[PDB]
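[1] coords please:
(chains A, B, C and D)
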Amino acid sequence: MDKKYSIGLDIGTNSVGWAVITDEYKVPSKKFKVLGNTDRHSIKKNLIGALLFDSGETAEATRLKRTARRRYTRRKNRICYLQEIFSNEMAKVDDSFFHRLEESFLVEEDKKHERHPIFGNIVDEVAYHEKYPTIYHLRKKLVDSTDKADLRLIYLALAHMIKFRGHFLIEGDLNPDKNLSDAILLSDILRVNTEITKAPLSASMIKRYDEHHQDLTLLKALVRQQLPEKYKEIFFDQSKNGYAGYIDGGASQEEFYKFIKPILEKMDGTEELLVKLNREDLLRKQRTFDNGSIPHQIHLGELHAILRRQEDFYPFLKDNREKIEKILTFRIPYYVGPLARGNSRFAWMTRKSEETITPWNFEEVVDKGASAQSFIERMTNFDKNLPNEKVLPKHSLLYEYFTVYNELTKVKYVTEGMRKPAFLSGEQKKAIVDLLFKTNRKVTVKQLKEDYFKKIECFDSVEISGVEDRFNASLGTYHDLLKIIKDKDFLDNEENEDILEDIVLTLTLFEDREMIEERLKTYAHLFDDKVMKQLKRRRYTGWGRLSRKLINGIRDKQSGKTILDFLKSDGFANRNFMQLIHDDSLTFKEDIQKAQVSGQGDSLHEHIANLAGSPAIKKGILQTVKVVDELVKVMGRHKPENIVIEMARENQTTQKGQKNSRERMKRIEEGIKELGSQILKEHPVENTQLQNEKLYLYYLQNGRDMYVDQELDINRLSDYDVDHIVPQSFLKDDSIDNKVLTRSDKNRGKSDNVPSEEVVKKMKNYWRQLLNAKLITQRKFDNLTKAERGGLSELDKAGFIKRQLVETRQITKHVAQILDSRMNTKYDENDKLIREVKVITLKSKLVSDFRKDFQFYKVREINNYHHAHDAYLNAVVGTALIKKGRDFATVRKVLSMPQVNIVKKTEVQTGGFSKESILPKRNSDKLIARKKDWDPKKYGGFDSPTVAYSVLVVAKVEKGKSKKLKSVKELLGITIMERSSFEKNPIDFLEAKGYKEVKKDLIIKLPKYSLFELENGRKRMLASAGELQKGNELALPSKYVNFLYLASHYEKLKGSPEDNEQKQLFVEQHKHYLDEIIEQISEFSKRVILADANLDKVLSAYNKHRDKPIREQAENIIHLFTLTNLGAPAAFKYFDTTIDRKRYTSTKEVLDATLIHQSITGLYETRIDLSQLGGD
DNA sequence: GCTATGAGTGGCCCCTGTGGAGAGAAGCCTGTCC
DNA sequence: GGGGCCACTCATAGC
RNA sequence: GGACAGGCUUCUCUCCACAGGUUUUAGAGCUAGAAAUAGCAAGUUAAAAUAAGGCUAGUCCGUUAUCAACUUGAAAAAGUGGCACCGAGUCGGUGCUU
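    Numbers count the residues shown, from 1 in each chain, chains lettered A, B, ... in the order given. You can find the structure just below:
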């Protein structure tokens, strides 16, 4: 008798529940064979459990770091090119100069040439540093002076300019000598410069340096006169935030101003210093974060001026001037991609010739057009119905016609005397299109009634059905082409359809003017110069969903018509796109079926990866599938009858749906009208322009920045910045409310912090005005008020985010269809899939209601059994709905079961080698060198490697000064950086670490969260080489859970008042349960936790607060289970008492433990005794 | 009489800010079809 | 959030 | 249940760039004092690296994803574990079979 059974499943981002039930809703228990060398040959367990694993992580960090690596490599390349140019002349004056520069980072002892880099001797080096305190002084000297300087100084200037060439955010040239705004923008870049020089930036920096010196001297004198006691603190203590820290220490400028402001108020004669302090300009450094606004053209001008001045003495400079200028100016275009030779998975460049690509010959080697085409196409989707065909651009003329005709396909018109609404003829539709769609960018119902029915067809009153106040489709591309070309018959000619489609595709693909001009040069014979130039400026983005071959490429074998041909006119049928593709009277459906490529199916891994979502949900799907397969294997390979899955999606109010559906432009108009401001009056704007986030945020700001009281400029939004109210490190939120447009320097000044208190105070009134305007969300107000609320907190950083609930939805039906594919595969006599297994979807509301109605509450903070219980309830509810005392008793018995299978999936750690910060030199063996030849003692380096996994080693170690051999048995941690060498040859790596006579056969691969068992059932999981985590699970009787739930929401119960009072009475009567809960926690702790100090602290705190109100008792006790929870220990707050985490910092006890390897469900076990291995 | 050492406990530390270009998916809301 | 690290203290083992 | 059409919201992938920060070294510290130390002077810049490196030698690649254990496998992958009943503190006992 094949016992009928069903499987229930719950899927989350971190948990996967599984449950097996019979038709009587009982959970069967089976005896399972146990492998290994232990005595326990057979173990009985129940068929219920849940799997826990680490969350998946996105690739954003990897992409960012790859981009950074590429930037560093290319910058090094540019420096190498400059050195290549200079080598011939530099060798004649100083052969060792470049070696001195290259090895300058090394200590004195390891340097081969003389220690002073610039001149190799003390006198000239000192003289140079005295004459030129900053490199910008040297730059100005070279720009203005007309005398021949040393070549080495010229090299330093050129290299410094190249290595910090600045941004390319502005196109074209920005040299004032349109001129008025040019000079204004230059004054914006650099402020106040009286003398006319070709290097204004250097003059500005020198002026800043001199202001620094004068203010430093004045402050020194004032402090020494008035505050003698605090002089040493300000000028000697590097640990504080004073001037010493601002210079020698890591103190930021903001902290320096914060530390220095109160002292300035305490002294006289500090007025101007305070005024400059209000402008963030006192004692300001030169190399600062404000320089990010400097355009590269300024450095280009300075470079060109210096080269022009010195080219009269060194001919090679004059010959190579253009090369040097291009080195600064050249960059690889974004559509080109990396210049890889085929060996890179991220690259797509097509190379014309096998020469080495250089900045001087880039044009001759790289096919810009083909590269751009490949870049655009490889990310677009293929047509679903025609897999081998690319989709058309969303602005295609043919696609727009298709949309218009499809919308007009089902329009029904009712006139006087007509009994039923009527379909439009092909002639009628063509006339309507010609009369209105080619004349108006948007067509409304009123416009149609006035212009076509009443004027042309002469119908006085007409009733229109199926269209609401306007037709969705619009011929905007046609209007733009009519505006530009101004030749209507050229647009109307069908022989130009190929040419027009090619034009539209060209305009969609490319954004560089040069490429567009190059491609249109073939068609320049048909249009004048002005028309050709105008077309170069039009741009389109986006793509459609159907291919040209689908709409007007394939023809019906019987009539010769395409789908578009049918849509234009099909007689009384008036069949739409869906009807035509589902029409059995045409060959189109046969073409669809034939085009279905029965190609090599994606593997389970690949099929899961091809879904759209976070890779975490992909990992969840893969784990669920393997769980299902193993469960099927357990029951004798008999397929289950039913599978139940759960999603936690919660529906939303409709009126919110329509108010979102309203275009943002209308709601901005309403907000401005409530305000009454004239910003839209001065600058009217259209919704498709609001489609860009930049201009939309600018309008939301109403031209006024939240952070600084300053007027935004419409033409400067590109240079402007948007910064998140909450930094990305604390929490990731790209929502519009978190996004706020801000002045650039103000943004870059405020980093990794919430807005400061005083800015909030000064802009609070304006923020309330905005909130009354409703242009701002209350959530964004909450973000702006974090300083009042207390800033960032640990609790807000980690929590169950809403985004996981989004990840759960229809990706859950995706895993459902994946299971459907495998479970039902047999085809019947008619080649129809035989659905032997049903896929069931139920919403979490049903199960939550079942729980609330029948007192089966769940409290997540107690243990991990809740996932398994939810899966069991899902299965029960699904089976019941497709299909009382005995069932309810069975449910209560199941929910009270003490044995539940909880398994933590073992994972090999990967990722970064260690912490990214570099620490100063010190005498410790735990530092790792940044380079092969750089001694960590003399150079410092990285710290705290992340252990990939641990291995058990039995060998002998030469210990003591006597070098005597001693048999040892311990855990050795393999770093990720050493993983390759260890896996290449374990024996060699172990010998290198100092182990001798290693028994290779005893090596056991122990990944993270590996499980060990001890006496009395105490369990531990291997967290790393030297730290463990709690591995046991607390089983609590259900009545205590129910009592705790009731007490927790004592004043928050959601039920009938009589039921609320009954539950209150039940809570009052069973108050003695609290002591039982405490005693059970105490017993569990004394047995498996071993936290005697923490347990005594908790117990003492309990009796002290024994008289507190019951609800607070419940809130505190629920927090108390964090002591006994699975995983790493965590700190928690019990009333006002704080308990530190108890960390198990020694792993010696598990060397004599019983190692357990658990299957993906844990039903199979393999136990190995470690006491018998490596016996002394 | 001195030293090496294992063992534990308490507290602190964790690289960052952005600009531009494109593509895609998924939730809702309206209308039409299978 | 959580593993790593260092200063500090003590208790014991061996000589 | 699915697809196209219009509006809004949220997130994912790829590329091109900028500004920093950190680290070592160079920028003769002076005076009195054996030294401990005290006083004074100065403080802004610079070079190089920015995951160890790898061979496929590119102006490329190196932090995503995958993985219980045993056998066959380079890997992917394939195979490897009785049942029924009475019970229940992390699972026990009871009866048949290999």
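
[2] just the element for the residue of chain A found nearest DNA strand B, please.
    Going by Cβ to the nearest atom of the strand, DNA strand B is nearest to residue A:657 of chain A, at 2.7 Å. C-beta coordinates here come from the backbone N, C-alpha and C atoms, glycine included. Element membership of residue A:657, judged by DSSP states H and E, is helix A:654-661.

[3] roughly how far is that helix from the heart of the chain?
    Relative to its parent chain, helix A:654-661 has a centroid offset of 28 Å by Cα atoms, centre = their mean, to the nearest Å.

[4] equivalent analysis for stretch A:79-99, please.
    The chain centre lies 44 Å from the centre of stretch A:79-99; the measure is Cα atoms, centre = their mean.

[5] with stretch A:335-346 instead?
    Here stretch A:335-346 is found 24 Å from its chain centre; the criterion is Cα atoms, centre = their mean.

[6] ok, and does that stretch reach over to DNA strand B?
    No - judged by Cβ under 7 Å from any atom of the strand, stretch A:335-346 and DNA strand B are separated, with a smallest distance of 7.5 Å.

[7] returning to what we had before: buried ones in the helix or strand following the helix holding residue A:657?
    Helices and strands here follow DSSP H and E; after helix A:654-661, the next one along the chain is helix A:664-675. Within helix A:664-675, the residues scored as buried using 16 or more other Cβ atoms under 10 Å are A:665, A:668, A:671-672, A:675.

[8] that's a strand at residue A:49, yeah?
    Yes - membership of residue A:49 in a strand is supported by DSSP: H, G, I helix; E, B strand; the rest coil.

[9] any idea how far DNA strand C is from the closest residue to residue A:752 other than its chain neighbours?
    Of all residues not flanking residue A:752 in the chain, residue A:727 sits nearest, at 5.0 Å (Cβ to Cβ, 6 or more residues apart in numbering). Look at residue A:727 and DNA strand C: by Cβ to the nearest atom of the strand, to the nearest Å, they are 13 Å apart.

[10] quick one: secondary structure of residue A:727?
    Put simply, residue A:727 is coil when judged by three-state DSSP.

[11] so it touches residue A:750, yeah?
    No - judged on Cβ atoms under 8 Å, residue A:727 makes no contact with residue A:750 at a distance of 9.3 Å.

[12] residues contacting residue A:626?
    residue A:1160 (Cβ atoms under 8 Å, 6 or more residues apart in numbering).

[13] cool, residue A:453 as well?
    For residue A:453, the contact set (Cβ under 8 Å, 6+ apart) comprises A:413, A:415, A:459, A:462.

[14] could you measure from the residue of the stretch 801-950 of chain A found nearest DNA strand C over to residue A:919?
    Relative to DNA strand C, the nearest point of the stretch 801-950 of chain A is residue A:944 (3.4 Å; Cβ to the nearest atom of the strand). Counting by Cβ to Cβ, to the nearest Å, the gap from residue A:944 to residue A:919 is 10 Å.

[15] got the domain ranges for chain A?
    Per automatic domain parsing, the domain ranges recorded for chain A read A:5-40+A:605-649+A:809-900, A:178-290, A:397-595, A:654-801, A:1029-1143.

[16] any idea which helix or strand carries the residue nearest to residue A:457 when sequence neighbours are not counted?
    In this structure, residue A:457 finds its nearest non-sequential neighbour in residue A:428, 7.7 Å apart by Cβ to Cβ, 6+ apart. Using DSSP H and E, residue A:428 sits within helix A:426-432.

[17] so which elements touch that helix?
    helix A:397-409, helix A:563-568 (3 or more Cβ pairs under 8 Å, 6 or more residues apart in numbering; DSSP states H and E).

[18] got JSON lines for the ones you listed, with mean neighbour count and distance to RNA strand D too?
    Output for these, formatted as JSON lines (neighbours: other Cβ atoms under 10 Å; distance: least, Cβ to the nearest atom of the strand, whole Å):
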{"stretch": "helix A:397-409", "mean neighbour count": "21", "distance to RNA strand D": "5"}
{"stretch": "helix A:563-568", "mean neighbour count": "22", "distance to RNA strand D": "11"}
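
[19] need those in CSV (columns: distance to DNA strand B).
    Output for the helices and strands packed on helix A:426-432, formatted as CSV (distance: least, Cβ to the nearest atom of the strand, whole Å):
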stretch, distance to DNA strand B
helix A:397-409, 8
helix A:563-568, 13
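
[20] among those, which comes closest to DNA strand C?
    helix A:397-409 (49.5 Å).

[21] got the CA coordinates for that closest one in PDB?
    Backbone C-alpha positions of helix A:397-409 (Å, rounded to 0.1, in the frame of the first residue of the first chain) are rendered in PDB as follows:
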ATOM      1  CA  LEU A 397       6.700  54.400 -36.900                       C
ATOM      2  CA  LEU A 398       5.300  51.000 -37.700                       C
ATOM      3  CA  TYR A 399       5.000  50.100 -34.000                       C
ATOM      4  CA  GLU A 400       3.100  53.400 -33.400                       C
ATOM      5  CA  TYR A 401       0.800  52.500 -36.300                       C
ATOM      6  CA  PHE A 402       0.300  49.100 -34.800                       C
ATOM      7  CA  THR A 403      -0.600  50.600 -31.400                       C
ATOM      8  CA  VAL A 404      -3.100  53.100 -33.000                       C
ATOM      9  CA  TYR A 405      -4.800  50.500 -35.100                       C
ATOM     10  CA  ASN A 406      -5.000  48.000 -32.200                       C
ATOM     11  CA  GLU A 407      -6.600  50.600 -30.000                       C
ATOM     12  CA  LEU A 408      -9.000  51.600 -32.800                       C
ATOM     13  CA  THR A 409      -9.700  47.900 -33.500                       C
END
